[PDB]
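Inside the fold
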Amino acid sequence: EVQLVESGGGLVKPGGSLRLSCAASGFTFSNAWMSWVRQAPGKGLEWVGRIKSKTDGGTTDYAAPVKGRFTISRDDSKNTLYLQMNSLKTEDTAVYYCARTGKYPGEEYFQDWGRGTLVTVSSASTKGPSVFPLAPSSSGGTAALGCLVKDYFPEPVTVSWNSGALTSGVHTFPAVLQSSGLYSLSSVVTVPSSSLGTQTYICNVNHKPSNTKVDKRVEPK
Amino acid sequence: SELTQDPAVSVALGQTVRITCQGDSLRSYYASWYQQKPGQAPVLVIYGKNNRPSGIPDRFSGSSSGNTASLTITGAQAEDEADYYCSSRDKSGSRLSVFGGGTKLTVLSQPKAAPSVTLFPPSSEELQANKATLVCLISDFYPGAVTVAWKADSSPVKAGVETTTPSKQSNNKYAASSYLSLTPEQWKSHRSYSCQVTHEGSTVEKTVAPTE
């Protein structure tokens, strides 16, 4: 019955600003301490900051990496918590969670969490991928080959092999957002070593945002 | 990271498992514990000491000793597979909060499987674009937890490293990727480069050289 719903996440450039909102119900909002917590894709939770209730002074505390750049505030008349994000950095890319915070010196704990809203920080605009082969050469009866898809924006890239005819042993990895604000990923397939002289292996890389399709035939060194 | 946790533990169905958090602030404060399943937000499991919120079953329990705090799950169930995080203050008297690095708890549902590792040197084509990426691809392992370490000339290197968190393959095992970005000059100046993958306490190494 406690409900917390974050909104406002989007793509923003370094140095820019973005305002997140957390709308709440099912608890007495005016008496709750409220925190923000963030999570970079595939990584751990990181506390951002917390605002106390009006009765307890309404004061804020912040984690070192965001102190002086983000502002937490609340509007009890709207049951809403805010995160004003200024002077954004690429390292701020993350899902941002709102959390009702219990207390009892004494530590704080995060009683209820919202769904989260995603903030992506990059200076990039649409950029097509560069595709490079990951060639096999001298694992027993099998060999791994693949394609490296470098420095594209925005997500997503999709990859198939032999126009979809090859699926067994294929894995396309999640993308990595680099400090440059561009994405890269790889796709690999494991095949019998004896097929490398019988079968052709082509990775088909699609980047719809840039209207690009790249076919790369991968051959042994 | 004032609070430290082991990256991964596994447990068989019905058995007991303990996840431990360590840090100086735990000498003063209890740790709270959070469960997070893939694609979901966290949920509070333990707060104070051994207070379980409504909806959290009794088989989750908290304890503490010295500068450590522990979450114990007795009679593990499949629904307990998740990442678990501890939280407390960063130090005594602080007004700030911090999280441990998280522990991936696997509830064993398939055989333990050692990773296959392939290390690709930079392609000649990428070097022509004035870039050099070593690509360490890791596949077919379970549980889905690994640590990746890079070496240059048999010594550690961890600048220019990016590693993806393991995710599921079509055959339901796990795969991960790790990249070491170099300049062409860095690549051709060293004798060897190695990708070391540790899984279930065992380590495998693959090595490449800018020659041959």
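Conventions we followed
Residues numbered from 1 in each chain as written, not as in the entry; some residues may be left out. Chains lettered and ligands numbered in written order. Heavy atoms only, no water. Helix = DSSP H or I, 4+ residues; strand = E, 2+ residues; numbered from the N terminus. Rg over C-alpha atoms; globule rule 2.2 N^0.38 Å. Areas by Shrake-Rupley, 256 points an atom, 1.4 Å probe, with all protein chains shown as cover. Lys, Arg positive; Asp, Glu negative; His and termini not counted. Charge placed at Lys NZ, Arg CZ, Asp CG, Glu CD. Core = buried A, V, L, I, M, F, W, Y, C linked by side-chain atoms within 4.5 Å. Buried < 20%, exposed > 50% of the residue type's maximum accessible area, 1.4 Å probe, protein only. Pairing = 2+ DSSP bridges. Axes fitted to C-alpha atoms, helices over the stretch in contact; angles between N-to-C directions. Salt bridge = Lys/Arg side-chain N within 4 Å of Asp/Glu carboxyl O. Disulfide = S-S within 2.5 Å. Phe/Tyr/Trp six-rings, centres within 6.5 Å; stacked < 30°, edge-to-face > 60°. Domains from an automatic or database assignment. Contact = heavy atoms within 4.5 Å. Buried area = accessible area lost by both parts, 1.4 Å probe. Polar contact = N/O pair within 3.5 Å; in protein donor to acceptor, adjacent residues only side chain to side chain.

What chain A contains, in helices and strands, is zero helices and 19 strands. Computed over the C-alpha atoms, the radius of gyration of chain A is 23 Å, more than 25% above the 17 Å expected from 2.2 N^0.38 for a compact globule of 221 residues. Carbon together with sulfur atoms contributes 49% to the accessible area of chain A, which is approximately 10000 Å² in total. Put simply, chain A has 22 plus and 16 minus side-chain charges, and the middle of one group is 7 Å from the middle of the other.

Another aspect to go through is the nonpolar core. Counting 40 residues, the largest nonpolar core has A:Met34, A:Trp36, A:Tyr96 and A:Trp113 as its most contacted members. Broken down by element, the residue count for this core peaks at five residues, all from strand β9 (residues 94-103) of chain A. One finds B:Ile56, B:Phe60, B:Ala76 and B:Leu105 within the second-largest nonpolar core, a separate group that totals 22 residues.

As a further point, take the sheet that holds strand β18 (residues 202-207) of chain A. All names here are of chain A. In spatial order, the strands read β14-β18-β19; together these three strands make up an open sheet with antiparallel pairing. For this open sheet the edge positions go to β14 (158-161) and β19 (212-217), each flanked by a neighbour on one side alone. Averaged over all pairs of adjacent strands, the angle between strand axes in this sheet comes to 20 degrees, irrespective of strand direction. As paired strands, β18 and β19 are joined by six bridges and run antiparallel to one another. Residue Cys203 lies in a different strand from β19, and its bridge partner there is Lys216.

This next bit is on the pattern of salt bridges. Applying the stated rule across the entire model yields 18 salt bridges over all chains. As a salt-bridge pair, A:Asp61 and B:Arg95 come within 3.0 Å of each other at their nearest N and O atoms. Separated into two different chains, A:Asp61 in strand β6 (residues 60-62) and B:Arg95 in the loop between β8 (82-89) and β9 (97-99) make up a pair that spans both. Among the residues examined, A:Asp61 registers a relative accessible area of 8% and is labelled buried. Note that A:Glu219 and A:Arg217 form a salt bridge whose closest N and O atoms lie 2.9 Å from each other. On the basis of relative accessible area, A:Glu219 is assigned to the partly exposed category, the value being 46%. According to the relative accessible area criterion, A:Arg217 is exposed, its value standing at 54%.

The next subject is the sheet that holds strand β7 (residues 68-73) of chain B. Strand pairing within a sheet occurs via backbone hydrogen bonds; the two strands may be parallel or antiparallel. Taken together, four strands build an open sheet; the order of strands is β1-β3-β7-β6 (chain B) and the sheet is antiparallel. Lying at the two open borders of the sheet, with one neighbouring strand each, are β1 (4-5) and β6 (60-65) of chain B.

Residue and element names in this part refer to chain A. Counting buried residues in strand β12 (residues 130-134) gives four out of five residues, a clear majority hidden from the surface. Across five bridges, β12 lies against strand β13 (residues 142-152) in antiparallel orientation. Among the inter-strand pairings, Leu134 is bridged to a residue of β13, identified as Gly146.

Applying the stated criterion across every chain, the model contains four disulfides over all chains. Residue pairing for A:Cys22: its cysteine sulfur links by disulfide to A:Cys98, the two sulfurs lying 2.0 Å apart. Where A:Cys22 bonds to A:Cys98 through sulfur, the torsion about that S-S bond is close to -65 degrees, and the disulfide is left-handed. With A:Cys22 in strand β3 (residues 18-25) and A:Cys98 in strand β9, this pair connects stretches of sequence that are 76 residues apart. Like A:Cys22, the residue A:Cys98 is buried in the burial classification. Across the disulfide from B:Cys21 sits B:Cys86; the S-S distance is 2.0 Å. The chirality of the disulfide connecting B:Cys21 with B:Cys86 is right-handed, given an S-S dihedral of about 70 degrees. Placement of B:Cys21 in strand β3 (residues 17-22) and of B:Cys86 in strand β8 is noted, with a sequence separation of 65 residues between them. Using a relative accessible area of 0% as the deciding quantity, one classes B:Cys21 as buried. Of the residues examined, B:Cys86 reaches a relative accessible area of 0% and is grouped as buried. In chain B, the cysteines engaged in disulfides, taken in order along the sequence, are linked 1-2, 3-4.

Inspection of every chain in the model, using the stated rule, returns 16 aromatic pairs over all chains. Measuring from ring centre to ring centre gives 6.2 Å for A:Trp113 and B:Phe99, while their planes differ by 55 degrees; the resulting arrangement is tilted. Taken as a pair, A:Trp113 in strand β10 (residues 108-113) and B:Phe99 in strand β9 lie in two separate chains rather than in one. The pair formed by A:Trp113 and B:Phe99 is uniform in burial state, with each residue classed as buried. What links up through ring pairs into an aromatic cluster is the set A:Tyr97, A:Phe110, A:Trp113, B:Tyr34 and B:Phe99.

Here we take up the domain arrangement of chain B. Residue and element names in this part refer to chain B. Annotation of chain B at the domain level lists domain 1 (1-109) and domain 2 (110-212). Facing the seven residues of domain 1 at the interface are seven residues of domain 2. The contact between domain 1 and domain 2 buries some 540 Å² in all, and 56% of this surface belongs to carbon and sulfur atoms. Of all residues in domain 1, the largest losses of buried area upon contact with domain 2 belong to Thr106, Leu108 and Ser109, amounting jointly to 58% of the total for that side. Run the count over domain 1 and domain 2 and you get one residue pair in polar contact. When contributions to the side of domain 1 that touches domain 2 are tallied by element, the ones reaching two or more residues are β2 (8-11) and β10 (103-107).

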